There are 2 protein chains.
Amino acid sequence: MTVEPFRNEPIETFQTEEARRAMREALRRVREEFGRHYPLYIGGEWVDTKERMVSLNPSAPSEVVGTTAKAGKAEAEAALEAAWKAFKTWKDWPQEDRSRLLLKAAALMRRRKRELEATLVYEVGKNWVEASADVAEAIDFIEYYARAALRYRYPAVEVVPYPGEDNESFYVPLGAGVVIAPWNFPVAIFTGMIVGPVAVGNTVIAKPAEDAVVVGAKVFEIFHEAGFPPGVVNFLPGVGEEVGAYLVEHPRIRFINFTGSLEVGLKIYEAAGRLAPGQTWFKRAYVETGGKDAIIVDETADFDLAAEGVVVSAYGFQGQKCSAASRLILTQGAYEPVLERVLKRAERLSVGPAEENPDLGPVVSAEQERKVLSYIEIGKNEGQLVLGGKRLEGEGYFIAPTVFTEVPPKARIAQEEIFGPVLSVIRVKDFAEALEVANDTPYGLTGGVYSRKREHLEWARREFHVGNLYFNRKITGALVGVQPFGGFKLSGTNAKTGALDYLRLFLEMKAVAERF
Amino acid sequence: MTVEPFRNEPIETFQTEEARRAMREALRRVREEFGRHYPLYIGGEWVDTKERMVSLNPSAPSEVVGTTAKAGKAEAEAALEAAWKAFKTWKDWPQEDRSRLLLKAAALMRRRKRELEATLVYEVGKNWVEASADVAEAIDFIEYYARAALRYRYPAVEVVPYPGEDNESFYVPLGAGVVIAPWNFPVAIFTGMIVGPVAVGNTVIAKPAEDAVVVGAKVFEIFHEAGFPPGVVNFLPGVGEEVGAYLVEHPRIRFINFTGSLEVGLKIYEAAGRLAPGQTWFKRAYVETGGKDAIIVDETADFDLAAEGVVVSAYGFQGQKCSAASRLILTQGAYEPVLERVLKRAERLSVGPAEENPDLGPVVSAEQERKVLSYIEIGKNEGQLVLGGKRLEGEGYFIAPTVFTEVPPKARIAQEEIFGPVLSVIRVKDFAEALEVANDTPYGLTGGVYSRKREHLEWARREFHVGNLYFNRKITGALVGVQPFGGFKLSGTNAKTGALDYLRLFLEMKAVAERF
Ligand code: NA
Ligand code: NA
């Protein structure tokens with residue numbers, strides 16, 4: 001199979017009238033459909049349950065954006081049976097055939113871009129550009145993994161020949177596994193975590209995050225229309241830990257693909273290490289578990305450029321990103337000029353209902369609001385509040401862009417992932433101390449440096465110990481293919497998404513010799 | 001750096017007078033050196049302890065091959081401190097420099113081949129050719145990994161470019177880890193498990209198996225002479241669980257490479273999934289955990305060829321291989337002709353002191369002897385004993401080649417890894433039933449089929465679910481580079497030794513973007 005070389009899907013800026021019109025149209029269609037109910041998807045069919053889950057608009061939480069079915073253990077078991085039944089034949093599809101199926105899915109998703117974006121706006125409180133980036137990244141994962149999977153096709157392994165024998169090594173998929181997806185990128189990461197394993201012949205049971213069950217269902221509409229065989233992909237929205245625990249601990253779950261909090265990731269990894277009664281394999285668990293990401297600025301930087309990148313990085317999608325800049329490390333010569341610019345920019349940010357395309361929408365939920373406000377209370381005891389730090393008026397979960405200064409590097413707000421619009425500013429003596437402070441957290445996901453000094457940039461290239469490092473630009477928005485995404489340390493298992501290496505995680509190798 | 005293309009080191013057959021002369025001299029010198037004492041190796045120096053460990057000759061266990069120092073927790077901590085200190089600079093060596101160090105180590109090992117083989121003969125009771133194959137495979141691992149490591153050199157990752165930016169992805173080593181090595185290939189697997197991680201910039205603390213401490217020490221003499229910087233490789237012989245438990249559970253151990261029994265492997269994998277107090281990463285654990293390997297023979301096979309391959313696979317090194325044929329699955333038409341040929345061949349096998357170059361030496365220890373003899377008692381009540389089934393006369397741990405037939409597929413002797421010269425023969429109706437039986441164990445390491453029918457061979461290629469499958473030849477003796485070695489299911493984590501993919505297990509990836 002021959003397709004155009006991979007290119008990233010353009011992110012819509014909505015700078016044209018047509019783009020704005022198209023979005024208004026999509027927002028209207030989505031809200032007219034707020035009454036919809038979305039069942040589970042098991043074995044190629046939509047399957048309803050007695051109990052339901054409600055999804056809320058975080059910009060107006062009295063407004064319901066949809067309802068879904070609610071899976072329990074019985075539905076998880078049915079999905080698992082379906083996934084293994086499907087695996088028996090799906091594994092034997094030619095790679096070309098599986099990759100074409102993905103390409104079809106990407107084409108369908110592209111045709112529904114505005115609808116998915118508008119659903120992100122209403123369901124998880126993304127502004128318009130954040131919503132478009134999310135959907136574009138989802139499309140990218142599908143396009144990229146469809147092509148990358150062909151690099152592993154039968155028989156892909158380079159071996160040394162031996163006289164009088166054929167020696168043939170090749171990759172085979174693992175089996176049925178479970179995907180536990182986040183609320184913050186519920187099209188992009190939801191899709192990537194599913195289609196990567198599926199592309200190479202695995203089957204998947206996907207549990208969406210509770211806050212993003214509607215958009216997850218709409219992604220499953222796309223999978224169904226694309227024509228994935230029954231059991232290949234399954235959709236199990238659920239409340240709390242029931243469904244996830246049941247599957248993670250199950251003797252017949254082959255692998256676990258997880259993106260979310262460290263608390264949950266640590267539990268998953270520990271469980272995956274155990275042999276459940278009757279289990280006949282060593283489980284693989286891939287976890288991406290957040291960050292406490294810093295931007296360093298030194299006295300040689302373009303301070304205006306730095307301030308812009310810091311504000312984008314800290315406050316994009318309300319700081320609810322594993323990649324978000326939650327620490328700003330300033331050398332002495334950079335401190336005042338950069339802090340003054342950051343404050344001037346941040347104080348001009350709009351906050352309001354996501355559909356109005358504000359700089360910040362609401363945080364995602366009452367629980368998220370509670371967590372972020374609690375960290376703000378902690379921060380007032382650790383650092384100096386200089387901007388924001390309060391809830392804004394309205395039932396929507398609106399929190400003001402927040403800055404703490406004079407934060408000790410070992411303060412809770414300088415160590416713990418807040419996942420809200422809260423930036424901690426740390427003053428350091430020089431670039432060496434900046435790196436020391438940057439590295440001294442349990443995490444290692446993203447980081448950035450603003451500097452014109454070549455020796456500082458290259459030193460950071462070697463010693464700023466994060467999986468995704470960026471110089472003189474924002475530290476968020478890793479592009480599929482361009483920036484393999486994944487971290488070090490307690491940021492997870494370094495499963496690099498949007499990279500050739502990702503697919504290898506979902507394969508095992510067989511070596512077959514014939515002596516003639 | 002440019003060297004000749006990889007070739008496997010020839011396995012000496014000792015058919016020439018030159019080879020016999022050299023081996024006889026090597027054996028005499030090793031024997032004359034019985035009783036020698038070997039310290040620990042920590043931080044680039046030999047370090048002795050008050051306590052000591054004894055290594056016995058399994059052919060004559062009154063004879064002490066040598067003694068070694070005995071590591072406890074304190075020595076383990078010292079080695080870990082040394083390994084981390086070394087890592088800080090070793091990770092920064094150009095790959096070309098590290099690879100040249102390996103090639104030097106391979107050259108030194110090659111010059112000491114006969115000595116190392118003779119040490120295997122006396123310490124673990126390998127006959128001459130089994131000993132030669134073990135040392136040759138060790139040399140191969142060093143030669144192969146030295147070259148393979150260059151395929152990962154800075155900056156090795158294929159990424160999609162982006163306008164106005166440099167995007168550079170590259171691999172970095174993990175840190176300091178622990179190697180827990182087996183007694184059955186205590187030069188080959190000991191060496192492979194250490195030099196693979198070290199090649200790409202990790203540092204290693206190695207615990208040799210108790211029964212094979214002297215030969216582990218001789219491998220370290222080679223590492224020391226080659227000039228590995230202090231702390232890069234460390235040698236910690238120990239008794240029982242102390243050293244291994246301490247390191248596996250340590251918050252500051254980065255990875256664990258293990259080859260041995262399933263029972264220990266399960267414990268290691270479970271422990272690796274836990275976050276020890278203060279630990280700041282998700283541990284990687286690579287485990288190879290044995291097999292219950294079958295050769296299938298159908299009625300179309302060359303029965304003489306099959307019988308010879310079965311006897312080599314079942315009884316080479318007394319069946320003490322993770323790859324050994326412990327099951328012979330015979331279709332109805334193949335049953336009598338193949339069994340009669342196997343029995344006639346096996347009853348002619350010589351058993352005696354390994355120095356005499358018998359077909360079989362002793363099993364490795366008194367405990368191993370006790371275990372194999374216990375399984376023989378269990379076997380007597382499960383199938384029909386038709387050959388051997390007893391200890392032979394002498395102080396050495398000599399067990400007769402043993403065959404049970406009409407063995408139920410779910411019998412303990414058809415399911416559990418005995419790791420001795422005990423073959424279980426299972427009679428089945430046809431090839432489909434043969435495959436079902438072959439697949440119905442918790443393991444998936446090696447397997448074989450003797451058959452002239454193409455459709456049966458290609459069927460097995462697709463459906464005989466083992467990591468290393470061989471047609472019309474023995475199922476043991478996988479060659480580095482030729483046959484990537486590693487299994488499925490409870491045979492471990494499919495870390496394919498002697499393959500390009502092995503080194504990727506010991507690296508993590510960084511992605512660095514500069515916007516100009
Ligand atoms: Na919601
Ligand atoms: Na011994």
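Conventions adopted
- Residues numbered from 1 in each chain as written, not as in the entry; some residues may be left out.
- Chains lettered and ligands numbered in written order.
- Heavy atoms only, no water.
- UniProt positions renumbered as here; feature names shortened; annotations may be inferred.
- Patch = residues over 30% accessible without salt bridge, like charges linked within 9 Å, V, L, I, M, F, W, Y side chains within 5 Å.
- Areas by Shrake-Rupley, 256 points an atom, 1.4 Å probe, with all protein chains shown as cover.
- Salt bridge = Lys/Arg side-chain N within 4 Å of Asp/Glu carboxyl O.
- Helix = DSSP H or I, 4+ residues; strand = E, 2+ residues; numbered from the N terminus.
- Buried < 20%, exposed > 50% of the residue type's maximum accessible area, 1.4 Å probe, protein only.
- Axes fitted to C-alpha atoms, helices over the stretch in contact; angles between N-to-C directions.
- Parallel < 35°, antiparallel > 145°, perpendicular 65-115°, else oblique.
- Left-handed = near helix turned anticlockwise from the far one by under 90°.
- Contact = heavy atoms within 4.5 Å.
- Nonpolar A, V, L, I, M, F, W, Y, C, P; charged D, E, K, R; others polar.
- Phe/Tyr/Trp six-rings, centres within 6.5 Å; stacked < 30°, edge-to-face > 60°.
- Least-squares fit on C-alpha atoms.
- Domains from an automatic or database assignment.
- Polar contact = N/O pair within 3.5 Å; in protein donor to acceptor, adjacent residues only side chain to side chain.
- Buried area = accessible area lost by both parts, 1.4 Å probe.
- Donors = N, O, S within 2.8 Å, 3.2 Å for Na, K, Ca; no water.
- Pairing = 2+ DSSP bridges.

X-ray crystallography is the method the PDB entry states for this structure, with the resolution given as 1.50 Å.

Going by what the PDB entry lists, chain A is known as 1-pyrroline-5-carboxylate dehydrogenase and is assigned to Thermus thermophilus. This entry's official PDB title is "Crystal analysis of delta1-pyrroline-5-carboxylate dehydrogenase from Thermus thermophilus with bound L-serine". Check the Pathway (unreviewed entry) section of the UniProt entry for chain A; it says "Amino-acid degradation; L-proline degradation into L-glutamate; L-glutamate from L-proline: step 2/2." In UniProt, chain A has this text filed under Sequence similarities (unreviewed entry): "Belongs to the aldehyde dehydrogenase family. RocA subfamily."

Tell me what's going on with a nonpolar patch on the surface, and back it up with residues and numbers.
Residues and elements named next belong to chain A. Together, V54, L56 and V64 give the surface a local cluster of nonpolar side chains, amounting to about 220 Å² of exposed area. Within the element layout of this structure, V54 appears in strand β4 (residues 52–57). What makes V54 partly exposed here is its relative accessible area of 46%.

Before we move on, can you summarise the packing of helix α10 (residues 303–315) of chain A against helix α11 (residues 332–347) of chain A with the specific residues and values?
All names here are of chain A. At their nearest, the axes of α10 and α11 sit 9 Å apart, and the two run at 55 degrees to each other. The angle between the axes of α10 and α11 places the two elements in the oblique class. Here α10 runs over α11; the crossing is right-handed. In this structure, α10 contributes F303, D304, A307, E308, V310, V311 and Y315 to the contact, and α11 contributes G333, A334, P337, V338, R341, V342, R345 and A346. Taken together, the residues that form the contact of α10 with α11 break down as 10 nonpolar, 1 polar and 4 charged.

Quick one: what's the story with the packing of aromatic side chains, residue by residue and with numbers?
Enumeration according to the criterion identifies 53 aromatic pairs over all chains in this entry. On the basis of an interplanar angle of 90 degrees and a centroid distance of 5.2 Å, the ring pair of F34(B) and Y122(B) is categorised as edge-to-face. Of this pair, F34(B) sits in the loop between α1 (17–32) and β1 (36–38) while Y122(B) sits in helix α4 (residues 113–124), and the two are 88 residues apart along the sequence. With relative accessibility at 5%, the residue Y122(B) sits in the buried group. Here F255(B) and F506(B) contribute two aromatic rings whose centre-to-centre distance is 6.4 Å and whose plane-to-plane angle is 35 degrees, an arrangement assigned as tilted. On the criterion of sequence distance, the pair formed by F255(B) in strand β10 (residues 255–259) and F506(B) in the loop between α15 (500–504) and β19 (507–515) is long-range, its members being 251 residues apart. Here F255(B) falls in the buried class, since its relative accessible area comes to 0%. Judged by relative accessible area, which is 0%, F506(B) ranks as buried. In textbook terms, an aromatic cluster arises when at least three aromatic residues are bridged by ring pairs, as seen for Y41(A), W46(A), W90(A), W93(A), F190(A), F220(A), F223(A), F228(A) and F235(A).

Hey, could you go over the relation of the copies chain A and chain B for me, with residue numbers and the actual values?
The two chain copies are connected by a rotation around an axis plus a translation along it. Least-squares fitting of chain A to chain B yields an RMSD of 0.2 Å, with the superposition described by an axial translation of 0.0 Å and a rotation of 180 degrees. Each copy turns onto its partner about a two-fold axis. The rotation axis passes nearest to the C-alpha of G273(A) in chain A, at a distance of 2.4 Å. Taken as a fraction of all interface residues of chain A, those also at the interface in chain B reach 100%, which identifies the copy contact as same-surface.

Describe in detail the environment of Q332(B), supporting the description with residues and values.
Residue and element names in this part refer to chain B. Position of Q332 relative to the elements: it lies in helix α11 (residues 332–346). Residue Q332 is classed as partly exposed on the basis of its relative accessible area of 43%. Sequence separation between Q332 and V428 is 96 residues; the distance between their C-alpha atoms is 5.9 Å. Leaving out residues up to four positions away in the same chain, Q332 has contacts with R427, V428 and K429.

Go over the domain arrangement of chain A, please, and point to the residues and values.
Residues and elements named next belong to chain A. Entries for chain A in the domain assignment read domain 1 (1–289 + 480–516) and domain 2 (290–479). Each of domain 1 and domain 2 was reduced to a C-alpha centroid, and the two centroids are 29 Å apart. Taken together, the contact between domain 1 and domain 2 spans 39 residues of the former and 43 residues of the latter. Taken together, domain 1 and domain 2 are joined by 1 salt bridge. A salt bridge links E130 to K321; the shortest N-O distance between them is 2.8 Å. The interface formed by domain 1 and domain 2 holds 27 residue pairs in polar contact in total.

Give a detailed account of the interface of chain A and chain B, specifying residues and quantitative values.
Facing the 76 residues of chain A at the interface are 76 residues of chain B. Summing both partners gives a buried area of about 5900 Å² for chain A against chain B, and 54% of it is carried by carbon and sulfur. Three residues, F282(A), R461(A) and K510(A), lead the burial of chain A against chain B; their summed loss comes to 14% of the area buried on that side. Summed over the shared surface of chain A and chain B, the number is 12 salt bridges. The interface formed by chain A and chain B includes 44 residue pairs in polar contact. Contributions of two or more residues to the side of chain A that touches chain B are made by β6 (165–173), α9 (262–272), β11 (284–288), α14 (454–463), β18 (468–471), α15 (500–504) and β19 (507–515) of chain A.

Summarise the coordination of the sodium ion (ligand 2); cite the residues concerned and give the values.
All names here are of chain B. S55 (OG), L56 (O), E123 (O) and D211 (O) make up the full set of protein donors to the sodium ion (ligand 2), lying at 2.6 to 3.1 Å. In terms of primary sequence, the donors binding the sodium ion (ligand 2) are separated according to S-L-x66-E-x87-D. Here the residue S55 occupies a position in strand β4 (residues 52–56), and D211 occupies one in the loop between β8 (203–207) and α7 (213–226), the gap between them amounting to 156 residues. The buried category is assigned to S55, whose relative accessible area is 1%. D211 gets classed as partly exposed once you look at its relative accessible area, which sits at 26%.

Describe the sheet that holds strand β5 (residues 60–69) of chain A, with residues and values.
Residues and elements named next belong to chain A. Taken together, 3 strands build an open sheet; the order of strands is β1-β5-β4 and the sheet is mixed. Where the open sheet ends on each side, the last strands, each with one partner, are β1 (37–38) and β4. With 6 bridges joining them, β4 and β5 adopt antiparallel strand pairing. Counterpart to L56 in the pairing with β5 is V64. Contacts between helix α4 (residues 113–124) and the sheet are confined to β4 and β5, with β4 contributing the most and set at about 95 degrees to the helix. Docked against the sheet, helix α7 (residues 213–226) engages β1, β4 and β5, running at close to 40 degrees with respect to β5.

Describe the sheet that holds β6(A), naming the residues involved and giving the relevant values.
If you walk across this open sheet you meet the 9 strands as β6(A)-β19(A)-β18(B)-β17(B)-β12(B)-β13(B)-β16(B)-β15(B)-β14(B), and the pairing is mixed. Sheet topology places β6 of chain A together with β14 (384–387) of chain B at the edges, where each strand pairs with a single neighbour. Along the sheet, successive strands turn relative to each other by an average axial angle of 20 degrees, direction set aside. Bridging between strand β17 (residues 446–450) of chain B and strand β18 (residues 468–471) of chain B involves 4 bridges; their strand directions are parallel. Looking at β18(B), one finds that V449(B) is bridged to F471(B). Along the sheet, α11(B) makes contact with β12 (293–297), β13 (325–331), β14, β15 (402–405) and β16 (422–428) of chain B, crossing β13(B) at roughly 140 degrees. Seen against the sheet, helix α14 (residues 454–463) of chain B touches β6 and β19 of chain A together with β17 and β18 of chain B and runs at an angle of roughly 155 degrees to β19(A).

Quick one: what's the story with the coordination of the sodium ion (ligand 1), residue by residue and with numbers?
Residues and elements named next belong to chain A. Within the first shell, the sodium ion (ligand 1) binds the protein through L56 (O), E123 (O) and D211 (O), at distances of 2.5 to 2.9 Å. Between consecutive donors of the sodium ion (ligand 1), the numbers of intervening residues give the motif L-x66-E-x87-D. A residue pair is termed long-range when its members are at least 10 positions apart, and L56 in strand β4 and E123 in helix α4 qualify at 67 residues. Of the residues examined, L56 reaches a relative accessible area of 38% and is grouped as partly exposed.

Break down the pattern of salt bridges for me, citing the residues and quoting the values.
Scanning the model with the defined rule gives 82 salt bridges over all chains in all. With a closest N to O distance of 2.9 Å, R370(B) and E367(B) form a salt bridge. Of this pair, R370(B) and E367(B) both sit in helix α12 (residues 366–380), 3 residues apart, which is roughly one turn of the helix. Owing to a relative accessible area of 47%, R370(B) belongs among the partly exposed residues under this scheme. For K380(B), the salt bridge identified is with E377(B), shortest N-O distance 3.0 Å. Pair noted here: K380(B) and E377(B) are both in helix α12, with a separation of 3 residues, about one helical turn. With a relative accessible area of 44%, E377(B) lands in the partly exposed category. Each of the salt bridges in this network shares a partner with another, and the network as a whole consists of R29(A), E33(A), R36(A), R112(A), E115(A) and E221(A).

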